[PDB]
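Peer 1: Input: one structure, supplied below.
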Amino acid sequence: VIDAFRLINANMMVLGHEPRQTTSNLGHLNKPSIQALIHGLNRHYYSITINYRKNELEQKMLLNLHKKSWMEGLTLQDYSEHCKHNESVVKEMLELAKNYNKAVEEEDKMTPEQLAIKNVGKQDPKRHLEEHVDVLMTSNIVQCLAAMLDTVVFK
Amino acid sequence: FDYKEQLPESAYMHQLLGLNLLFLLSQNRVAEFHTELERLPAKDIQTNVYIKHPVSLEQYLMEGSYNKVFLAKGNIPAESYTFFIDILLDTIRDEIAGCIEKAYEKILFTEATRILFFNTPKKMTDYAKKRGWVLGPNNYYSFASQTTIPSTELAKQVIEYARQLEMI
């Protein structure tokens, strides 16, 4: 959120003039905000459109941000921690499977409030089960591939 | 098989069909053997000797009953079956030798002769030279010559899992 400004002249705005010349159709910035309009936009000052310069060279370093070293790329997660994580996540998956069986049962049974007011404040077994399967499957596939690549490259 | 009716069938038909089955067995085209065998009527397959001997011989070969396969050489319901049966016996000698290779951590000679169905030590020695054996230093053919993670293939499979998950 950033905006450029220059001030309108009291002299002109009292002596009936628009202190901007509309040669182009570039006056469609964002439909100026109500905050600016009530705080004095279009009366005492005007907004100037803002753009940015792209060099494709600074962008390379900005992309290098978030980058991980090949150490992290090839590292294997602690196998004991991985096994404990799988055990735990499968336990929550078991409980969510019980709750999913319960929910699917009493889902078609009645849908007056099932649309929006049957999950607020209550856990969604289907959603949490999807989250658990996604996370655990990602972890396991990634670690398997890492282990195999390591077994070969570091031979 | 084509001209059913308008023809009275030939008594030699079943004999010659059995001979064809013997030929197919000798050349080791088992699929075609079974396909043609299915053409023979049920009771013809079950009772007629000419169609029973070929099917029974295949049954024995599949089971491994090489003794009864050899005794088929004496059975020979029609003498013309000898030609297609001799080559089958030689191939079966090879198959029996393969069985001996894989099994029999150690085997002797005097009994290996009967096992391979040979009748002469000179034939035994020639056949051992074929392929290659240790000749029985203590009269025992000791052909007892009995890791590596498929990491590449497993990585390919796991990448396939990832791609099938992420093309969602």
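Each chain in the structure tokens gets a letter, A, B, ..., in the order shown, and its residues are numbered from 1; ligands are numbered from 1 in order too.
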Using 8 Å as the limit and counting only C-alpha atoms, can you tabulate each residue of chain A that touches chain B, with its shortest atom-to-atom distance in Å and the two atoms involved, as a tab-separated table?
Peer 2:
residue	atom	partner	partner_atom	distance
A:141	CA	B:158	CA	6.4
A:144	CA	B:158	CA	7.4
A:145	CA	B:155	CA	5.6
A:148	CA	B:151	CA	5.3
A:149	CA	B:155	CA	7.3
A:151	CA	B:151	CA	7.2
A:152	CA	B:151	CA	6.8
Peer 1: Generate the output file for the selected residues, N, CA and C atoms, as a PDB file, in the first residue's frame.
Peer 2:
ATOM      1  N   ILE A 141       6.691 -39.714   0.767  1.00  0.00           N
ATOM      2  CA  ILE A 141       7.204 -39.786  -0.597  1.00  0.00           C
ATOM      3  C   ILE A 141       8.532 -39.052  -0.696  1.00  0.00           C
ATOM      4  N   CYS A 144      11.308 -41.062   1.016  1.00  0.00           N
ATOM      5  CA  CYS A 144      11.670 -42.241   0.237  1.00  0.00           C
ATOM      6  C   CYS A 144      12.552 -41.855  -0.943  1.00  0.00           C
ATOM      7  N   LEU A 145      12.147 -40.824  -1.686  1.00  0.00           N
ATOM      8  CA  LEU A 145      12.945 -40.403  -2.831  1.00  0.00           C
ATOM      9  C   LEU A 145      14.323 -39.929  -2.388  1.00  0.00           C
ATOM     10  N   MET A 148      16.534 -42.906  -1.551  1.00  0.00           N
ATOM     11  CA  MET A 148      16.966 -43.672  -2.717  1.00  0.00           C
ATOM     12  C   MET A 148      18.056 -42.927  -3.482  1.00  0.00           C
ATOM     13  N   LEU A 149      17.826 -41.636  -3.735  1.00  0.00           N
ATOM     14  CA  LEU A 149      18.836 -40.816  -4.391  1.00  0.00           C
ATOM     15  C   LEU A 149      20.136 -40.830  -3.603  1.00  0.00           C
ATOM     16  N   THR A 151      21.182 -43.263  -1.456  1.00  0.00           N
ATOM     17  CA  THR A 151      21.780 -44.588  -1.553  1.00  0.00           C
ATOM     18  C   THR A 151      22.581 -44.728  -2.832  1.00  0.00           C
ATOM     19  N   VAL A 152      22.116 -44.124  -3.925  1.00  0.00           N
ATOM     20  CA  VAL A 152      22.859 -44.256  -5.178  1.00  0.00           C
ATOM     21  C   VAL A 152      24.020 -43.265  -5.238  1.00  0.00           C
TER      22      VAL A 152
END
Peer 1: Name all residues at most 9 Å from range 47-61 of chain B (count only C-alpha atoms; drop same-chain ones fewer than 2 positions away) and give them as an NGL selection string.
Peer 2: :B and (14-19 or 21-22 or 25 or 30 or 34 or 37 or 40 or 42-45 or 63-69 or 72 or 75-78 or 92)
Peer 1: Can I get the selected residues back with N, CA, C and O atoms, as a CSV table (one decimal), in the first residue's frame?
Peer 2:
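Once everything was written out, this is again02.csv:
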chain,number,residue,atom,x,y,z
B,14,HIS,N,-9.2,-89.4,-36.0
B,14,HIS,CA,-8.7,-89.2,-34.6
B,14,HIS,C,-7.2,-89.6,-34.5
B,14,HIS,O,-6.5,-88.9,-33.7
B,15,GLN,N,-6.8,-90.6,-35.1
B,15,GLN,CA,-5.4,-91.0,-35.1
B,15,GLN,C,-4.5,-89.9,-35.6
B,15,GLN,O,-3.5,-89.5,-35.0
B,16,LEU,N,-4.9,-89.3,-36.7
B,16,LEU,CA,-4.1,-88.2,-37.3
B,16,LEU,C,-4.1,-86.9,-36.5
B,16,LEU,O,-3.1,-86.2,-36.4
B,17,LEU,N,-5.3,-86.7,-35.9
B,17,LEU,CA,-5.4,-85.5,-35.0
B,17,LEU,C,-4.5,-85.7,-33.8
B,17,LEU,O,-3.8,-84.7,-33.4
B,18,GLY,N,-4.5,-86.9,-33.2
B,18,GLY,CA,-3.5,-87.2,-32.1
B,18,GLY,C,-2.1,-87.0,-32.5
B,18,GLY,O,-1.2,-86.5,-31.8
B,19,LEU,N,-1.8,-87.4,-33.8
B,19,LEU,CA,-0.4,-87.3,-34.3
B,19,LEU,C,-0.1,-85.8,-34.4
B,19,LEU,O,1.0,-85.4,-34.1
B,21,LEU,N,-1.3,-83.4,-32.5
B,21,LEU,CA,-1.1,-83.0,-31.2
B,21,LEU,C,0.3,-83.4,-30.7
B,21,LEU,O,1.0,-82.6,-30.0
B,22,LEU,N,0.8,-84.6,-31.0
B,22,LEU,CA,2.1,-85.0,-30.7
B,22,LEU,C,3.1,-84.1,-31.4
B,22,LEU,O,4.1,-83.7,-30.8
B,25,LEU,N,3.3,-80.8,-29.5
B,25,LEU,CA,4.0,-81.0,-28.2
B,25,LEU,C,5.5,-81.1,-28.5
B,25,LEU,O,6.3,-80.5,-27.7
B,30,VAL,N,2.6,-75.0,-26.9
B,30,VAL,CA,1.6,-75.5,-26.0
B,30,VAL,C,0.3,-74.8,-26.2
B,30,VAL,O,-0.8,-75.4,-26.1
B,34,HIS,N,-3.2,-76.7,-27.1
B,34,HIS,CA,-4.4,-76.7,-26.3
B,34,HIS,C,-5.5,-76.2,-27.2
B,34,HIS,O,-6.7,-76.6,-27.1
B,37,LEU,N,-6.6,-78.9,-29.4
B,37,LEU,CA,-7.2,-80.0,-28.5
B,37,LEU,C,-8.6,-79.6,-28.2
B,37,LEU,O,-9.4,-80.5,-28.0
B,40,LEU,N,-11.3,-81.0,-30.5
B,40,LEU,CA,-11.8,-82.4,-30.4
B,40,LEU,C,-13.0,-82.4,-29.5
B,40,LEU,O,-13.1,-81.8,-28.4
B,42,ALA,N,-15.8,-83.6,-26.6
B,42,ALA,CA,-15.5,-84.0,-25.2
B,42,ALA,C,-15.2,-85.5,-25.1
B,42,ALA,O,-14.1,-85.8,-24.7
B,43,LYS,N,-16.1,-86.3,-25.5
B,43,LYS,CA,-15.9,-87.8,-25.3
B,43,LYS,C,-14.7,-88.2,-26.2
B,43,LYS,O,-14.0,-89.2,-25.8
B,44,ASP,N,-14.4,-87.6,-27.3
B,44,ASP,CA,-13.2,-87.9,-28.0
B,44,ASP,C,-11.9,-87.6,-27.2
B,44,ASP,O,-11.0,-88.4,-27.2
B,45,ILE,N,-11.9,-86.5,-26.5
B,45,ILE,CA,-10.8,-86.1,-25.7
B,45,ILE,C,-10.7,-87.1,-24.5
B,45,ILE,O,-9.6,-87.5,-24.1
B,63,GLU,N,3.2,-81.9,-15.1
B,63,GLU,CA,3.4,-82.3,-13.8
B,63,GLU,C,4.8,-82.6,-13.4
B,63,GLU,O,5.2,-82.4,-12.3
B,64,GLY,N,5.6,-83.0,-14.4
B,64,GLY,CA,6.9,-83.5,-14.2
B,64,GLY,C,7.1,-85.0,-14.2
B,64,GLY,O,8.1,-85.5,-13.8
B,65,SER,N,6.0,-85.7,-14.6
B,65,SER,CA,6.0,-87.2,-14.5
B,65,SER,C,6.8,-87.7,-15.7
B,65,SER,O,6.3,-88.5,-16.6
B,66,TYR,N,8.1,-87.4,-15.7
B,66,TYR,CA,9.0,-87.8,-16.8
B,66,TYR,C,9.1,-89.4,-16.9
B,66,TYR,O,9.4,-89.9,-18.0
B,67,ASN,N,8.9,-90.1,-15.8
B,67,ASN,CA,8.9,-91.6,-15.9
B,67,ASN,C,7.8,-92.0,-16.8
B,67,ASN,O,8.0,-92.8,-17.7
B,68,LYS,N,6.6,-91.5,-16.6
B,68,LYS,CA,5.4,-91.9,-17.5
B,68,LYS,C,5.6,-91.3,-18.9
B,68,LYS,O,5.2,-92.0,-19.9
B,69,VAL,N,6.2,-90.2,-19.0
B,69,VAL,CA,6.5,-89.7,-20.4
B,69,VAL,C,7.4,-90.6,-21.1
B,69,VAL,O,7.2,-90.9,-22.3
B,72,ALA,N,5.7,-93.6,-22.2
B,72,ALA,CA,4.9,-93.3,-23.4
B,72,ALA,C,5.7,-93.9,-24.7
B,72,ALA,O,5.1,-94.3,-25.6
B,75,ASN,N,4.4,-97.1,-24.8
B,75,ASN,CA,2.9,-97.0,-25.0
B,75,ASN,C,2.6,-96.9,-26.5
B,75,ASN,O,2.1,-97.8,-27.1
B,76,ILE,N,3.0,-95.7,-27.1
B,76,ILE,CA,2.9,-95.5,-28.5
B,76,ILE,C,1.7,-96.2,-29.1
B,76,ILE,O,1.8,-97.2,-29.8
B,77,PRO,N,0.4,-95.7,-28.9
B,77,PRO,CA,-0.7,-96.4,-29.4
B,77,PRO,C,-0.7,-96.6,-30.9
B,77,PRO,O,-1.2,-97.6,-31.4
B,78,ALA,N,0.0,-95.7,-31.7
B,78,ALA,CA,0.2,-95.9,-33.1
B,78,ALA,C,1.7,-95.8,-33.3
B,78,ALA,O,2.3,-94.8,-32.9
B,92,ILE,N,13.0,-83.4,-23.2
B,92,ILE,CA,12.7,-83.7,-21.8
B,92,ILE,C,14.0,-84.1,-21.1
B,92,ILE,O,14.1,-83.9,-19.9
Peer 1: Run DSSP on the backbone and tell me which residues of chain B come out as alpha helix (DSSP H); list them as a PyMOL selection string.
Peer 2: chain B and resi 12-27+30-37+42-46+49-63+66-75+82-102+110-115+121-129+151-166
Peer 1: Work out how far CA of residue 75 in chain A is from CA of residue 146 in chain A, in Å to one decimal.
Peer 2: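 If I compute the distance from CA of residue 146 in chain A to CA of residue 75 in chain A, I get 7.4 Å.
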Peer 1: I'd like the contact shell of residue 73 in chain A - 12 Å cut-off, only C-alpha atoms, skipping same-chain residues fewer than 4 positions apart - returned as a count of residues only.
Peer 2: 11
Peer 1: Compile the contact shell of range 119-121 of chain B as a ChimeraX atom specification: residues with an atom at most 9 Å away, counting only C-alpha atoms, same-chain residues fewer than 4 positions apart removed.
Peer 2: /B:109-110,113-114,125-126
Peer 1: Would you save the residues from that selection as an mmCIF file, in the first residue's frame, using N, CA, C and O atoms?
Peer 2:
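The result, written out as out39.cif:
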data_model
loop_
_atom_site.group_PDB
_atom_site.id
_atom_site.type_symbol
_atom_site.label_atom_id
_atom_site.label_comp_id
_atom_site.auth_asym_id
_atom_site.auth_seq_id
_atom_site.Cartn_x
_atom_site.Cartn_y
_atom_site.Cartn_z
ATOM 1 N N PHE B 109 26.519 -90.551 -9.647
ATOM 2 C CA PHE B 109 26.510 -90.948 -11.050
ATOM 3 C C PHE B 109 25.695 -92.205 -11.313
ATOM 4 O O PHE B 109 24.879 -92.229 -12.242
ATOM 5 N N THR B 110 25.899 -93.260 -10.522
ATOM 6 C CA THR B 110 25.225 -94.526 -10.794
ATOM 7 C C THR B 110 23.711 -94.363 -10.775
ATOM 8 O O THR B 110 22.999 -95.015 -11.548
ATOM 9 N N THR B 113 22.346 -91.771 -13.610
ATOM 10 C CA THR B 113 22.095 -92.424 -14.890
ATOM 11 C C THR B 113 20.615 -92.750 -15.048
ATOM 12 O O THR B 113 19.991 -92.396 -16.057
ATOM 13 N N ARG B 114 20.028 -93.411 -14.050
ATOM 14 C CA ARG B 114 18.602 -93.715 -14.108
ATOM 15 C C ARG B 114 17.769 -92.441 -14.057
ATOM 16 O O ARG B 114 16.718 -92.352 -14.702
ATOM 17 N N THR B 125 28.883 -89.322 -19.742
ATOM 18 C CA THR B 125 30.045 -88.440 -19.810
ATOM 19 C C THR B 125 29.903 -87.422 -20.935
ATOM 20 O O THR B 125 30.226 -86.241 -20.756
ATOM 21 N N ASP B 126 29.417 -87.856 -22.100
ATOM 22 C CA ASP B 126 29.179 -86.913 -23.186
ATOM 23 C C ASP B 126 28.184 -85.842 -22.772
ATOM 24 O O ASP B 126 28.373 -84.656 -23.071
#
Peer 1: Which neighbours of range 125-140 of chain A fall inside 8 Å, counting only C-alpha atoms, when residues of the same chain fewer than 3 positions from it are skipped, and could you give them as a PyMOL selection string?
Peer 2: chain A and resi 86+89+93+96-97+99-100+103+143-144
Peer 1: Please write the residues from the selection above to a file, keeping N, CA, C and O atoms, as an mmCIF file, in the first residue's frame.
Peer 2:
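Below you can see out-v2.cif, which holds the result:
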data_model
loop_
_atom_site.group_PDB
_atom_site.id
_atom_site.type_symbol
_atom_site.label_atom_id
_atom_site.label_comp_id
_atom_site.auth_asym_id
_atom_site.auth_seq_id
_atom_site.Cartn_x
_atom_site.Cartn_y
_atom_site.Cartn_z
ATOM 1 N N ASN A 86 4.794 -40.383 11.756
ATOM 2 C CA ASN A 86 3.843 -41.227 11.041
ATOM 3 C C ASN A 86 2.894 -41.918 12.008
ATOM 4 O O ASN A 86 1.681 -41.960 11.776
ATOM 5 N N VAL A 89 0.371 -39.241 13.370
ATOM 6 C CA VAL A 89 -0.562 -38.778 12.349
ATOM 7 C C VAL A 89 -1.554 -39.876 12.000
ATOM 8 O O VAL A 89 -2.739 -39.608 11.779
ATOM 9 N N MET A 93 -5.551 -39.853 12.270
ATOM 10 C CA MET A 93 -6.327 -40.324 11.130
ATOM 11 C C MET A 93 -7.349 -41.364 11.557
ATOM 12 O O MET A 93 -8.472 -41.384 11.050
ATOM 13 N N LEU A 96 -10.158 -39.497 13.314
ATOM 14 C CA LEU A 96 -10.925 -38.771 12.313
ATOM 15 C C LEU A 96 -11.705 -39.717 11.415
ATOM 16 O O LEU A 96 -12.734 -39.328 10.870
ATOM 17 N N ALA A 97 -11.243 -40.957 11.252
ATOM 18 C CA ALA A 97 -12.019 -41.937 10.502
ATOM 19 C C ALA A 97 -13.274 -42.329 11.264
ATOM 20 O O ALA A 97 -14.357 -42.446 10.675
ATOM 21 N N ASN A 99 -14.827 -40.363 13.379
ATOM 22 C CA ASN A 99 -15.707 -39.201 13.293
ATOM 23 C C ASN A 99 -16.270 -39.020 11.887
ATOM 24 O O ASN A 99 -17.396 -38.538 11.733
ATOM 25 N N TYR A 100 -15.514 -39.399 10.858
ATOM 26 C CA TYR A 100 -16.003 -39.316 9.487
ATOM 27 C C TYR A 100 -17.130 -40.309 9.252
ATOM 28 O O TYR A 100 -18.125 -39.985 8.594
ATOM 29 N N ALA A 103 -20.095 -38.730 10.807
ATOM 30 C CA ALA A 103 -20.618 -37.561 10.104
ATOM 31 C C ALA A 103 -21.330 -37.951 8.815
ATOM 32 O O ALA A 103 -22.412 -37.431 8.518
ATOM 33 N N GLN A 143 10.755 -38.385 1.648
ATOM 34 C CA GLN A 143 11.846 -39.067 2.334
ATOM 35 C C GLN A 143 12.262 -40.330 1.595
ATOM 36 O O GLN A 143 13.451 -40.658 1.550
ATOM 37 N N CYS A 144 11.308 -41.062 1.016
ATOM 38 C CA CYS A 144 11.670 -42.241 0.237
ATOM 39 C C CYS A 144 12.552 -41.855 -0.943
ATOM 40 O O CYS A 144 13.601 -42.470 -1.184
#
Peer 1: What residues in range 70-163 of chain B get the DSSP label strand (DSSP E)? Please answer as an mmCIF file with C-alpha atoms, in the first residue's frame.
Peer 2:
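states32.cif was written with the following content:
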data_model
loop_
_atom_site.group_PDB
_atom_site.id
_atom_site.type_symbol
_atom_site.label_atom_id
_atom_site.label_comp_id
_atom_site.auth_asym_id
_atom_site.auth_seq_id
_atom_site.Cartn_x
_atom_site.Cartn_y
_atom_site.Cartn_z
ATOM 1 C CA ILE B 107 24.161 -85.941 -6.925
ATOM 2 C CA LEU B 108 26.084 -89.119 -7.722
ATOM 3 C CA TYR B 140 29.317 -86.835 -6.958
ATOM 4 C CA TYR B 141 28.317 -84.196 -9.501
#
Peer 1: Rank B:70, B:132, B:83, B:144 by their smallest atom-to-atom distance to residue 116 in chain B, using only C-alpha atoms, and report the top residue only.
Peer 2: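 Smallest separation from residue 116 in chain B among the options: B:70.
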